[PDB]
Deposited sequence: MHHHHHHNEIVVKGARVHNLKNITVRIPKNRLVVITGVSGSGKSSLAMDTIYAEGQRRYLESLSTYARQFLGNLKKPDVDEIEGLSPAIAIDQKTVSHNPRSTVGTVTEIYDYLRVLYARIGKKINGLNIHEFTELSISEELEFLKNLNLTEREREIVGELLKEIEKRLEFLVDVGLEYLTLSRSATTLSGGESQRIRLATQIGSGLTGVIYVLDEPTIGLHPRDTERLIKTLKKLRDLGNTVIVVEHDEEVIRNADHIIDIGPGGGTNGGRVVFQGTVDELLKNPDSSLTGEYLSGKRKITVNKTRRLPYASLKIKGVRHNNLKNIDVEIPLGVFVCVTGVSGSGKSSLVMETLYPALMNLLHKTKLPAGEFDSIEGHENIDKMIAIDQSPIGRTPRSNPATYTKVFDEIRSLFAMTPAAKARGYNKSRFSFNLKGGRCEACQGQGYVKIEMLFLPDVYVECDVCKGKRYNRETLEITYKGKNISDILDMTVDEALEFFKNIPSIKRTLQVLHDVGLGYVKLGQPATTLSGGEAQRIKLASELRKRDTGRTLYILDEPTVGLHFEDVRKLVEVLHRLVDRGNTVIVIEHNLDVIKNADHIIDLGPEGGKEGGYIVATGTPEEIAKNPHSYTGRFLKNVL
């Protein structure tokens, strides 16, 4: 049987009708902004969940005509995460309750450890502890099958690359990738069948060493009797699909269409319609830089012992492209984000950030500035958008104020701000939607019926520049606007860097709160790229390929080489081999995650790492060099 999506029009989807096989591993592919999430999350998941919830007591619809063959749907992404600070790995996985029943059926301690002490072992240690239990002959008969269930659920955590976590770990201290995979392990452990699962890039944060095991886990989720829809860019996940849906042909206005549908073999046989197929067949490639850079100096952080780091000294060559690599849990974010970054902020720029344990830093005088480019949002209210954040909107407002019609009406540039009274729609605060005054719980946000969502009063909307009013400009994608304003240098420059980091599909007025973490990071990256005379700035970026198709990664790599070419240093934490194979220098941590990680397993060029038999990263690098 099949899901039949009829007349899908959410965002840039071109009123498409798509048939999707059920009880299959379906991989949705395509460049950023092509419409993968619009189809899989905003249409299929949303409607499947909505139709189930409408069966409840006492009880929104996406822009779509109908969906045949729908089932209740469950999403696994970075938004389906716990916000309860009380929650731990043990509680969000539902393993803690099983442990409670186990301890109530045996005693306060089991083989020397109480329950809290059990939860403080890593997952692999917990598994070995339980499997080395045969303390009794009849307690077996009261907990036996129960232990099996506990073991089953722990094994699923190992299977999604999280063996280094403890059950006692606070859920809010997990990364987005860790949270996604925790939820995957919990959903497969639940054994629920008959649902449509929609997963957003479940390889985020996962080393290639673990990809195959993740793929087996996705197939087990399928084999329970579920449809498993995965939005993914990873080549191996794509090659393991039962069915591929490739969205394109491009992003933004140039996207919203299914350009290929069928098996992997069919995609390889006829790839010239899809970028995805061209990369998969080798017709298109992210190039390996064949001139590795040498550093002009280095800095060195000594005695790092934060978390599992094994009292390591780490040298950062400056003026080159640096990747920090290694399996998940090996210590990369502990080293880079939680020790080196705050320690250099404190030395160079206004201290007082807490930093992981370490002895000293030498050579920090060899850089002038330390800037993190992370995935935290660019703003917290829809009053922020890409145009205001990069501050090109101030230039667009001046331009509108300079039209003959605006000057004759007395409209200065403030008239064209939706954050100031005057030109903005005062009913909807200059946002386009109003709430219902209940008393406080998440109310409905209905579209403003005065302005119809356009954010400005009708008088302000009468001013046009080349037939477009200010609302029209906010509805342009970056690429549209980049063509529209190509004769205005200050505007074109900002729009150009947004296009160069791969955000040509993003609308100028998209509210900050709807942007993914990767999109926020790339906007901030474009802001840094736009600046002149940065010189000896060290930039740190954590996993900047989240959300990125092959072509998007090609763009990201070009941008990073541009930053380094103008004298900067770049450190990225990555698992992506197309980025790593472009590094001038790699610091590979591990060998494993947790207690058996935290060592420096290898350093040097991609070629040197590839030659190192102790490096998992080098083992996969070998095949792309």
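Missing from the model, relative to the deposited sequence, are the stretches 1-7, 67-74.
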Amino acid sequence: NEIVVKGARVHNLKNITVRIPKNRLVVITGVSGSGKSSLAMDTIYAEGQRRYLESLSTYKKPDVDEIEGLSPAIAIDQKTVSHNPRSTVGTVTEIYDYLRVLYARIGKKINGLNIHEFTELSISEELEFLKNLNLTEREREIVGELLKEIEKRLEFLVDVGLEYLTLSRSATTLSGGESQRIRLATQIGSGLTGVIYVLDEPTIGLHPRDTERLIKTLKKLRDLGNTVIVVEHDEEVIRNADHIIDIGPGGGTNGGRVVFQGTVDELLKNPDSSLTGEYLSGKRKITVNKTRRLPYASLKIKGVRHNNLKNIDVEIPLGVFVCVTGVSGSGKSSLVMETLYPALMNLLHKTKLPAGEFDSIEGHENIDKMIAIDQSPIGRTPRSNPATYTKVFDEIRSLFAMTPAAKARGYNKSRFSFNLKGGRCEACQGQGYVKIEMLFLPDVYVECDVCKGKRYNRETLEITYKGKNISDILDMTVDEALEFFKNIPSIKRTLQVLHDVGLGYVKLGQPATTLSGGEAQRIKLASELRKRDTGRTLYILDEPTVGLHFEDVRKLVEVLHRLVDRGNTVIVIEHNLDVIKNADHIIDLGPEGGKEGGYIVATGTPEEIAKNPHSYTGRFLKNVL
From here on, numbers count along this sequence of modelled residues.
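The stretch 78-86 shows the higher mean C-alpha B-factor when 275-283 is compared against 78-86 in the entry. Between the stretches 347-355 and 224-232, it is 347-355 that shows the larger average CA temperature factor. Across the options 547, 295, 194, 502, the residue with the most elevated CA B-factor in the record is 295. If you compare the C-alpha temperature factors of 37, 582, 58, 49 in the entry, 58 comes out highest. Per the PDB record, residue ranking by Cα B-factor puts residue 289 in the highest third of the chain.
Residue-level temperature factors show residue 42 in the lowest third of its chain, judged at the C-alpha atom.
Residue 22: CA B factor lies in the middle third for its chain, per the PDB record. Split the chain's modelled residues into thirds by C-alpha temperature factor. Residue 326 is in the lowest one. Per the PDB record, residue ranking by Cα B-factor puts residue 241 in the middle third of the chain.
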